[PDB]
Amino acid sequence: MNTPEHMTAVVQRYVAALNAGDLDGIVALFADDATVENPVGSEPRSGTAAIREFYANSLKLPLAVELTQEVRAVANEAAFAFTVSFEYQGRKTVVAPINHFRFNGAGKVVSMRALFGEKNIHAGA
């Protein structure tokens, strides 16, 4: 089933799910033995339980998430630029990563990696 059209749709779904705080729908996009490496450089989380815990932890504050450019999708991989916004104690932060998804034949994500650093975290005092 995996096509560039499918992978683009999955990226759009992943954004929508984060927006909604929908753990079931985020985790559903992943293969059972997938990895999540967030940020790049950290120990990968491996398999459904670990992936759900990771997203649960990321979702404790409501996130407003938005693609900021066209999805790049080719072969069996996709990359996307987006922002994740949240508020805590009256301060708004906007984080701007680039994520990479690798997909299996069935169109499930087998690996996510998220590149961002301190310069991509935008907050006032």
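Numbers for residues come from their place in the sequence shown, where the first is 1.
Stretches 34-42 and 95-103 differ in mean CA B factor, with 34-42 having the higher one. Of the two segments examined, 64-72 and 85-93, it is 85-93 that shows the higher average Cα temperature factor in the deposited entry. Highest CA B-factor among the listed residues (110, 10, 17, 115): 17. In the deposited entry, the Cα temperature factor of residue 50 sits in the top third of values across the chain's modelled residues.
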